[PDB]
Structures are given as C-alpha cells and as structure tokens.
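Engineer: Here the protein sequences come in this chain order: a, Q, c and F.
Counting in the authors' numbering, the first sequence runs without a single skipped number right up to 100 at its last residue.
Counting in the authors' numbering, the second sequence runs without a single skipped number right up to 145 at its last residue.
Counting in the authors' numbering, the third sequence runs without a single skipped number right up to 68 at its last residue.
Counting in the authors' numbering, the fourth sequence runs without a single skipped number right up to 204 at its last residue.
C-beta atoms are modelled at their ideal positions from N, C-alpha and C, and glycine is treated no differently.
Dumping the structure here so I can ask a few things about it.
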Amino acid sequence: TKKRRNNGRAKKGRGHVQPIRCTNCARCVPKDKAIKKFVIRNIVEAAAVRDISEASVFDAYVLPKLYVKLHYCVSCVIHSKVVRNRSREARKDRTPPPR
Amino acid sequence: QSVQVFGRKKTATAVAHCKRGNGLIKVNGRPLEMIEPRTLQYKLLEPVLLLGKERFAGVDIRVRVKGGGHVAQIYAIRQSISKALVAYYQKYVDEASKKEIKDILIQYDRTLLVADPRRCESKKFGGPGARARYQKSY
Amino acid sequence: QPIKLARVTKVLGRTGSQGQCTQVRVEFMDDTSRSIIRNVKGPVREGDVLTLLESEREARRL
Amino acid sequence: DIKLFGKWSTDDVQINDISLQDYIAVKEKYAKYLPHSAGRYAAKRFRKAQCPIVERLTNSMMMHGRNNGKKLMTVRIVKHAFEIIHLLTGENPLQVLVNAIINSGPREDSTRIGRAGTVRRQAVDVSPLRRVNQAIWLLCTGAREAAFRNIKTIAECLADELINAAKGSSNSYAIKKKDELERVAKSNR
RNA sequence: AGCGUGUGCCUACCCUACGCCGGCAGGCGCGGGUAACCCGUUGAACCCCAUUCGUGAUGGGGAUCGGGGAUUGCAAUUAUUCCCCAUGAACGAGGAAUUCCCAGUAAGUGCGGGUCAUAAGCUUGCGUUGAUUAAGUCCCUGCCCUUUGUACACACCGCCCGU
Numbered sequence: 002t003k004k005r006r007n008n009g010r011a012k013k014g015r016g017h018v019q020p021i022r023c024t025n026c027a028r029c030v031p032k033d034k035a036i037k038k039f040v041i042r043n044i045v046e047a048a049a050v051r052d053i054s055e056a057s058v059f060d061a062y063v064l065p066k067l068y069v070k071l072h073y074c075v076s077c078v079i080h081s082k083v084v085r086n087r088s089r090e091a092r093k094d095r096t097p098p099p100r
Numbered sequence: 008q009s010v011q012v013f014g015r016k017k018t019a020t021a022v023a024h025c026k027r028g029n030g031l032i033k034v035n036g037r038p039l040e041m042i043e044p045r046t047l048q049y050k051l052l053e054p055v056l057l058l059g060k061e062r063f064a065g066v067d068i069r070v071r072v073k074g075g076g077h078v079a080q081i082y083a084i085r086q087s088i089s090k091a092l093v094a095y096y097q098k099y100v101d102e103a104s105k106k107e108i109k110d111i112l113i114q115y116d117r118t119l120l121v122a123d124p125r126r127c128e129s130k131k132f133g134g135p136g137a138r139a140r141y142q143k144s145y
Numbered sequence: 007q008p009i010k011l012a013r014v015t016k017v018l019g020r021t022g023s024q025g026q027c028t029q030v031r032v033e034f035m036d037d038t039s040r041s042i043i044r045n046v047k048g049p050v051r052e053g054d055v056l057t058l059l060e061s062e063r064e065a066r067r068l
Numbered sequence: 016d017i018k019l020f021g022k023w024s025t026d027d028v029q030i031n032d033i034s035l036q037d038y039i040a041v042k043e044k045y046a047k048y049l050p051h052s053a054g055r056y057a058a059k060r061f062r063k064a065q066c067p068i069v070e071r072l073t074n075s076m077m078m079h080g081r082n083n084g085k086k087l088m089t090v091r092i093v094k095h096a097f098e099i100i101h102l103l104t105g106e107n108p109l110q111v112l113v114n115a116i117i118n119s120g121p122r123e124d125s126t127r128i129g130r131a132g133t134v135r136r137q138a139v140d141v142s143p144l145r146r147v148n149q150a151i152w153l154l155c156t157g158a159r160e161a162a163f164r165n166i167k168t169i170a171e172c173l174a175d176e177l178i179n180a181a182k183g184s185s186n187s188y189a190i191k192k193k194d195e196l197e198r199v200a201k202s203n204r
C-alpha cells in the first residue's frame with residue numbers, strides 16, 4: 002500500500018534530484034529523501050570549557066563553535082535513533098521537536 | 008491495689024516485687040560484677056554512682072529471674088530497674104523526679120522499652136526452609 | 007586537590023550494563039553555588055556532602 | 016571529681032572543634048555502655064555505615080563460617096585489654112583513635128567500562144557513606160579470605176585494627192592496595 | 001527449645017516415667033497418661049569449657065575398618081539395631097554446564113509429624129546459632145501496557161527459494 006503521500010521524500014515538481022552520501026555508511030540517498038541534521042555545538046565540551054577558559058591567554062575569549070552538517074540514510078537515521086517509527090496518524094505530523 | 012509488671016524481655020523475666028526493705032545491691036541475688044557467664048556485668052553499676060548511698064536504703068526489689076538467653080535475661084534487668092525507679096518516684100514524691108531519671112535512662116538508650124520483633128518464620132513448599140528452594144533440574 | 011562540600015539536589019540514577027554506577031546533581035552551600043552534576047555511588051544522605059576534591063571532574067553522561 | 020563518663024573529661028580536654036564526627040557519632044538514644052547490642056544493620060541501606068567505623072571494624076569482622084556473627088568475640092575484642100590500656104598508656108589516649116585513616120581514607124574508585132574491554136575503569140567518588148561501604152566491604156572481605164589462619168588472631172586483635180581503623184594516619188595495607196588502585200582510577204580525568 | 005504425637009469398636013502394632021545394673025537407651029517388673037494432668041522443667045545435646053595448639057599437617061577437626069554388652073525383627077547380608085583405641089582423609093575455596101537465595105533470610109544444627117514395628121539419607125513442619133552482599137538494571141533468561149513490520153494463523157519448532 003502507499004505508506005506516505007510524499008513517498009518519504011520532498012520531490013515535487015521535478016524529475017531528478019542529485020544524491021548525497023550518508024555520513025555514516027556512505028550510502029547514495031537523494032538529497033530530499035536524506036535526513037539532514039545540523040549540529041552547532043561547542044568545539045570544547047562543557048566538562049572542558051572551564052579548564053580551557055582558565056588557561057586562556059585572552060580574558061573572555063568566547064570559544065569557537067563547531068558547525069557540522071550530517072546527512073543520514075533511512076537505515077542509519079533509524080538505527081542512530083535520530084528518527085523513530087510513528088503511528089499511522091502521528092506519521093503525518095511534520096512539527097519538529099521543541100528541543 | 009497492686010501494680011506490678013516487673014521486667015521482661017524476649018523470653019526471660021525478672022519479677023520485681025517493689026516494696027520497702029533492705030534493697031541491697033544484688034543481681035540474681037549475687038554481687039555487683041560477679042555473674043558466672045561474665046559477659047554483660049557492668050550494665051547496673053552506672054546509675055548508682057550519681058545519686059548516693061541514702062537513695063537505696065528503702066527500695067527492696069525482690070526479683071524472680073528466670074529465662075535462658077543473654078540478650079533476653081540481660082537487657083531485661085535494665086528494663087526492670089527503669090520500671091522500679093519509675094514506679095517508686097511516681098508513687099512517692101512526684102513524677103518530675105521520675106521524669107528526670109527516666110529521661111537520663113531512656114534517652115541514654117532506646118532499646119529498654121523496645122524488644123526485637125524478629126522471630127523464626129514459616130517454612131514453605133518445595134524448599135528446605137522459608138526462602139530456599141530445592142534444586143531445579145532441566 | 008581541595009575537598010569541596012557538595013549538597014545533593016537530585017539523583018540522576020544508575021548506569022551500566024546491569025547497573026553499577028550512580029549519577030547525581032550537587033551544589034555548594036555558601037560558595038557561589040553552581041549546579042554541577044557528578045557521579046556518585048550508593049548512599050546519599052539528605053543533604054549529604056559529596057567530596058569535590060577536584061572541581062574539574064564533572065562525570066559525563068552518555 | 017567532676018569528670019564526665021569513666022574515661023572522658025571536660026575541664027581541660029579541648030578538641031578546638033566539633034566538626035570531627037564523620038564516622039563516630041554517639042549523642043542520642045543509640046548509646047549503649049558497651050558495643051554489645053546484638054541487633055541488625057541490614058534492615059535497610061546506609062545502616063552498615065551508621066554502624067560507627069569502630070563498631071563496624073570490630074563487628075563486621077564476622078566472616079567465613081567459624082566466627083560468623085557471634086558477638087562474644089566482638090565483646091572480647093573491645094571489652095578485654097582495651098579499657099585497661101586506655102589508662103595504662105599514660106599518654107593522651109586520643110592517639111589510638113586519631114592515628115588511623117585521615118591520610119589512608121580512599122577518596123576515589125571506579126566502575127566497569129563499555130561492552131568490550133576491562134583495561135580501564137570509569138572514575139567515581141562518593142560522599143563518605145558509600146566510599147566507606149564499598150572500600151571497607153572489600154577490605155574486610157579480602158582480609159578474611161586471605162588472612163584465614165591468622166597469626167594475628169583474637170585475644171590480641173584489638174591493637175592493630177583499633178589503631179588503623181578510625182582516623183589519623185596513612186599506614187594500612189589493604190588500604191594501600193585500594194589507594195593505588197584509587198590513583199589508577201583517578202587517572203580517568 | 002517449640003512445632004507437635006501418644007492406648008481395648010477388627011489398634012491384644014500407643015507415648016513412656018521409676019526400680020533391672022555387664023558401663024547408662026536396654027529382653028524383666030511396677031506405675032502414669034485418651035492428656036496444659038503422665039512421658040515433660042521433653043532419659044547416653046547446641047554454641048561454649050585452662051584434654052590446648054603462642055602457629056598450623058599437632059592435641060585441631062574421622063582414612064576402609066575389629067571388639068565390651070546387643071533396643072529384641074517370619075530375613076536384615078540379599079534397606080532395623082546403639083560411645084570409644086590416633087594405622088592418616090589431595091585435611092584450609094574447585095572441568096565447559098548450571099541451582100537457590102534479600103533478615104531472623106542463606107547456611108550450620110538438631111527435634112517432631114507422614115510413611116511406620118522404634119521403622120528416614122525423603123518430605124512436611126518446628127525451633128536454635130546466625131550472616132556476607134543488594135535497595136539496582138534490562139546485559140542474559142523471560143513477562144507485561146503501547147507503536148510498528150509481516151508473504152506467519154499448524155501462528156517463527158512458521159512460511160518459503162534454487163541444482
């Protein structure tokens with residue numbers, strides 16, 4: 002049966018979308034179908050921020066940030082628990098988690 | 008009438024007939040630290056070092072002490088002396104002095120008025136005892 | 007290596023395959039308290055005193 | 016003759032503090048003139064530590080199958096030949112209690128690691144209650160499993176442990192094992 | 001100690017006290033008990049106690065296995081029956097494989113009931129000595145409450161594909 006109305010991708014009004022490689026397995030997944038995460042974290046973790054700040058030559062250096070873009074195939078996105086399977090009705094909900 | 012609960016604990020009992028009399032210092036009728044099992048013999052020497060010799064010139068506590076078990080027969084003499092002082096002071100002068108010596112004795116140690124409720128529990132099915140079970144094969 | 011007194015506010019819980027480690031949240035008493043979370047084991051009294059004999063060991067979760 | 020108890024004094028016995036009762040706390044109903052009370056310390060957690068480390072040391076020495084729980088032996092250890100030496104010392108009697116552990120006391124241990132591998136151990140430390148629990152559980156267990164058939168046998172098993180039990184030194188030997196492994200665990204930072 | 005048992009309707013196969021004195025249960029007598037009444041303050045008791053080891057293959061714990069009097073059983077040996085002399089038992093933590101267990105619990109220890117003629121190494125209970133660990137988790141083995149997939153419904157020990 003037709004599980005998803007959008008076929009589990011975002012291809013509307015075009016024939017071909019360029020593929021990308023999953024960051025985990027290096028699988029070829031279309032860019033609309035791939036599950037994209039954008040992690041903007043700190044280069045130095047919280048347990049290491051304090052020690053780096055004390056050792057800093059500059060007062061209030063404001064630490065740099067790490068910007069990483071992750072593309073997951075469906076298998077690796079499900080295994081890594083980035084997304085889970087939802088009920089037939091909860092599947093239609095497109096609201097992102099509040100975080 | 009007659010109010011007499013004497014001392015008891017676990018299994019053993021020191022029947023403490025409280026009245027006027029000689030009231031010499033004796034445990035099982037025997038001297039201060041002289042008991043034959045020789046294990047818990049100091050428990051009575053402590054209080055009588057505070058008041059004085061005059062105070063025990065008229066308190067005859069005739070005790071029928073029966074019962075095997077140290078933690079029973081000992082720790083029942085302390086209960087018995089606590090109740091003896093309590094009754095004597097309550098009846099004679101007032102309960103304020105009984106309040107005071109009971110305060111020192113009971114806040115000194117909790118375990119007079121409270122006994123161990125633990126007792127051997129029932130054996131059950133398919134096992135050598137209460138909780139253990141017979142070995143299960145496959 | 008100075009031992010700092012820490013009061014427990016919340017016990018995070020047990021970690022391990024079968025459950026063998028503990029995690030709690032602790033704060034200072036009157037020493038510009040910070041809500042710092044560290045690994046504990048077993049008994050934690052009501053307002054106990056964790057020994058932050060080191061201020062840089064924030065036991066990491068996950 | 017205004018001294019309190021039978022061994023303490025109040026006129027000129029000054030400890031210049033009150034904050035020195037981590038393991039020993041006898042100020043309430045839990046006082047019995049001798050540590051002979053029978054009783055239970057497994058009814059609920061934290062109770063083994065609430066047994067003061069003096070009573071814990073002398074009374075948690077009940078392991079193996081020959082002297083397992085029998086309290087006459089703790090009575091012998093603490094009753095005979097200690098109250099006498101308390102005054103036969105001639106010096107200040109605090110030395111025995113305050114010459115044991117304040118540098119011995121283990122201040123870290125660790126926990127198992129991952130799904131594959133045992134060559135390290137994730138660092139954990141506790142408030143005194145569980146550190147005393149774990150460290151001296153393993154101490155008593157090791158001392159009994161290895162020190163079976165002991166030349167340091169009872170009727171003289173008061174001195175060494177009552178001098179390396181409570182507080183005030185770095186001289187205990189299973190404690191040195193756990194302190195070296197404590198440093199090994201401490202390396203996880 | 002405490003749980004209990006105990007006899008004349010086919011139970012003349014009850015529980016036993018006390019005296020027989022080869023050294024005490026005991027084959028002979030003489031009594032008690034249909035029982036809170038007698039066994040019984042429970043008839044060759046625990047843990048403990050200078051027979052003692054200031055260390056340990058010894059006195060300290062039983063290696064086949066002989067006697068002194070035999071509870072008295074159509075046989076006992078081809079399942080009943082009672083202390084000891086030191087000739088040493090791998091005499092002090094155990095193949096993969098595993099069972100049970102959270103306090104008066106495990107374990108040690110004996111005592112009753114059933115079976116029965118006293119018949120137990122069985123079971124079912126009862127006391128007595130009495131802990132080490134843990135106040136957690138879903139890793140293993142499984143269970144439950146939800147969502148999900150299924151070509152299964154004999155229900156995954158299923159269905160099924162190709163020489």
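(1) When the distance is taken between beta carbons, is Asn-25/a closer than 8 Å to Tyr-73/a?
(2) Would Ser-184/F pass as an interface residue toward chain c - the criterion being a Cβ-Cβ separation below 8 Å?
(3) What residues from chain F crowd round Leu-56/c, counting only those whose CB sits closer than 9 Å?
(4) Please go through the same chain and pick out, in chain order, the residues whose beta-carbon is closer than 6 Å to the beta-carbon of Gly-120/F, but skip the five residues on each side of it.
(5) Are the C-beta of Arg-22/a and some C-beta of chain c separated by less than 8 Å?
(6) What residues match up with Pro-20/a in a beta bridge as DSSP calls it?
(7) Strictly by DSSP, which residues pair up with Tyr-45/F?
(8) What distance in whole Å lies between the Cβ atoms of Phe-13/Q and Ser-87/Q, which are believed to be in contact at a cut-off of 8 Å?
(9) Pick helix, strand or coil for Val-90/F, following the three-state DSSP scheme.
(10) Would DSSP call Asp-194/F helix, strand or coil?
(11) Would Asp-67/Q pass as a contact of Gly-36/Q if the rule is Cβ separation under 8 Å?
(12) On the criterion of 16 or more Cβ atoms from any shown chain inside 10 Å, does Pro-49/c qualify as buried, or is it exposed?
(13) Return the CA-CA distance between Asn-86/a and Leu-154/F, expressed in angstroms with no decimal places.
(14) Take the Cβ of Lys-16/c as the centre, count every other Cβ of all protein chains shown within 10 Å, and call the residue buried at 16 or more, exposed below.
(15) Does the stretch 47 to 61 of chain F come close enough to the stretch 126 to 136 of chain F to have 3 or more Cβ pairs within less than 8 Å?
(16) Could you pull the DSSP bridge partners for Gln-29/c from this structure?
(17) Any C-beta of chain Q sitting closer than 8 Å to the C-beta of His-51/F?
(18) Taking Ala-137/Q and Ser-129/Q to be in contact with their CB atoms under 8 Å, please state how far apart those CB atoms are, rounded to whole angstroms.
(19) Using a C-beta to C-beta distance shorter than 9 Å, which residues of chain F count as neighbours of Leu-59/c?
(20) For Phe-20/F, which residues in the same chain have their Cβ closer than 7 Å to its Cβ, ignoring the five residues on either side in sequence?
(21) So, using beta-carbon positions, are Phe-34/c and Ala-65/c closer together than 8 Å?
(22) Within the continuous alpha helix (DSSP H) that includes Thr-156/F, where are the two ends?
(23) By DSSP's criteria, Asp-124/F is part of a beta bridge. Which residues make up the other side?
(24) Listing by chain order, which chain a residues have their CB less than 8 Å from the CB of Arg-31/c?
(25) Can you tell me which of the three DSSP states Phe-39/a falls into?
(26) Listing by chain order, which chain c residues have their CB less than 7 Å from the CB of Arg-85/a?
(27) Using a Cβ-Cβ cut-off of 8 Å, state whether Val-69/F counts as contacting chain Q.
(28) Skipping 5 residues on each side, what residues in its chain have a beta carbon closer than 6 Å to that of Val-46/c?
(29) How many Å lie between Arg-140/Q and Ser-23/c at the Cα?
(30) In this structure, what does DSSP give as the bridge partners for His-72/a?
(31) Nearest chain a C-beta to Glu-62/c closer than 8 Å, yes or no?
(32) DSSP three-state call for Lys-73/Q: helix, strand or coil?
(33) I think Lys-44/F touches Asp-116/Q, with their Cβ atoms under 8 Å apart; what is that distance to the nearest whole Å?
(34) Output the distance between the C-alpha atoms of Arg-127/F and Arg-198/F, rounded to the nearest integer angstrom.
(35) For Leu-58/Q, decide whether its Cβ has a neighbour in chain F, counting only Cβ atoms nearer than 8 Å.
(36) Any beta carbon of chain c sitting closer than 8 Å to that of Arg-100/a?
Structural biologist: Judging by the given coordinates:
(1) yes
(2) no
(3) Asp-140, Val-141, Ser-142
(4) none
(5) no
(6) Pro-31/a
(7) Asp-116/Q
(8) 6 Å
(9) helix
(10) helix
(11) no
(12) buried
(13) 50 Å
(14) exposed
(15) no
(16) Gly-19/c, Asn-45/c
(17) yes
(18) 6 Å
(19) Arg-122, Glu-123, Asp-140
(20) none
(21) no
(22) 143 to 161
(23) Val-139/F
(24) Chain a residues near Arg-31/c: none, gap ~14 Å exceeds 8 Å.
(25) strand
(26) None at all; the shortest Cβ gap to chain c is about 18 Å.
(27) no
(28) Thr-28, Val-30
(29) 28 Å
(30) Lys-37/a
(31) yes
(32) strand
(33) 6 Å
(34) 16 Å
(35) no
(36) no
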